[PDB]
Structure formats: C-alpha cells, structure tokens
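>>> structure of the sequence below:
(one chain, ligands or ions: 1)
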Amino acid sequence: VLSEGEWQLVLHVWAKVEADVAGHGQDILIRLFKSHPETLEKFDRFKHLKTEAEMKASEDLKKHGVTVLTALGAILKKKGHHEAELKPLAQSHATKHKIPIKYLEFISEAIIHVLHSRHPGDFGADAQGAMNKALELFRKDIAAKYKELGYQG
Ligand code: HEM
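Residues are numbered from 1 along each chain as shown. See below for the structure:
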C-alpha cells in the first residue's frame, strides 16, 4: 500500500508527464520496443515499424502513446482506489491482446527509464521508488484480474 506522501511523489511527476503527454508516450513505446523487441510482436497494428526511425516517424504510434498514458494517468490519479479504471484494461489485455505480466514489467521499466532521461534534475530516488511502488501495485492488481479472467499472464 502507498502512503499519501508516496502518492503525492507519483502525482508530482505525473504533472510533468502532462506537460508533454505525446512525447513521453512516444519515448516510452520506442524504449519498450528497443529494449524488448518481442513486445512489438504483440502489436499487429505496429509491427510494420521495423526500425526505431520508423517508430519515431509514426503519428499512429504517437497517438497510441497518448492513449496508453492517458489510461495510466487516470489509474494513478485514483491512488489505489482504481478498480473501475483498471477493469476494462485488464479485460482487454487479458482476453484480446494477451499481454503477460512480464511485458507489463518491461513497460514499467521503460516508463522509469524515460522519466529519468526526460527529467534529469527532477526524478530522484524517492520519486523513482514511489513510481516503482505505484507501477508494482498496478501490475499486482492487473494480475489479480487476469487470474479471475482465467488468463495465465
Ligand atoms: C502501462 C501499461 C499499459 C497501459 C496503461 C495500456 C493501455 C492501453 C489502452 C488504453 C489501449 C486501448 C484500449 C484497450 O484495448 O484496452 C491499449 C491497447 C493495446 N495494448 Fe496496451 N497498455 C499497457 C501495456 C501494454 C503492453 C506492455 C502491451 C504489449 C506488449 C500492450 C498491448 C496492447 C495492444 C496490442 C493493444 C491494441 C492496439 C491496437 O491494435 O489498437 N499494452 N493499451
């Protein structure tokens, strides 16, 4: 469970994400695909993007980066009372996209990496620790929904 102080560390950095949602979302998806290329294979919509330059040049990918961060932000804003927000996501990721928890670990690592790269004087150990706790909670709760839905994850 996160404390109020930890949620305030998480939402203070989220405000920074909000100053450029498309840029952070684009950077996160490209870092995910660069670091874990097998995750691209889960996206029939984007597997044509066979180089990093092609990914950067894709407005459709950038649009999806915004969709992704918007959903994550809506979850984080609920501080752990996020059950309604999480439900459709766990549903689609379990039953349609079939995204294992390990790949949610990979994207959580990409989020942290990008927050560090974009925010050098502004994303320190306490903030990163708290963001890692919020993303762990996110993954924990998704995994509980995966199990109710019968999906190994
Ligand atoms: C922070 C984690 C994530 C969030 C918040 C997120 C959010 C979303 C949202 C809001 C959508 C559109 C609505 C839906 O279908 O549910 C979506 C679609 C999708 N997601 Fe995720 N996602 C996450 C992680 C991942 C990961 C790690 C993968 C794959 C390795 C993935 C694969 C997909 C696929 C395949 C689609 C459908 C894209 C399309 O063809 O339009 N998601 N995601």
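>>> near the ligand, anything from the longest helix that the chain contains?
In terms of residue count, the longest helix belonging to the chain (DSSP state H) is helix 125-149. No - judged by Cβ under 6 Å from any ligand atom, helix 125-149 stays clear of the ligand, getting no closer than 7.0 Å. C-beta here means a position set from N, CA and C on the backbone, and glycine is covered the same way.
>>> now for that helix, which elements pack on it?
For helix 125-149, the elements it packs on are helix 4-17, helix 59-77, helix 83-95, helix 101-118, judged by 3 or more Cβ pairs under 8 Å, 6 or more residues apart in numbering; DSSP states H and E.
>>> swap in 7 Å and give it another go.
Helix 125-149 sits against helix 4-17, helix 83-95, helix 101-118, with contacts defined as 3 or more Cβ pairs under 7 Å, 6 or more residues apart in numbering; DSSP states H and E.
>>> distance from the chain centre to that helix, please.
Relative to the chain's own centre, helix 125-149 is displaced by 10 Å; criterion: Cα atoms, centre = their mean, to the nearest Å.
>>> residue 90 reaches residue 147, doesn't it?
No - using Cβ atoms under 7 Å, residue 90 makes no contact with residue 147, being 10.1 Å away.
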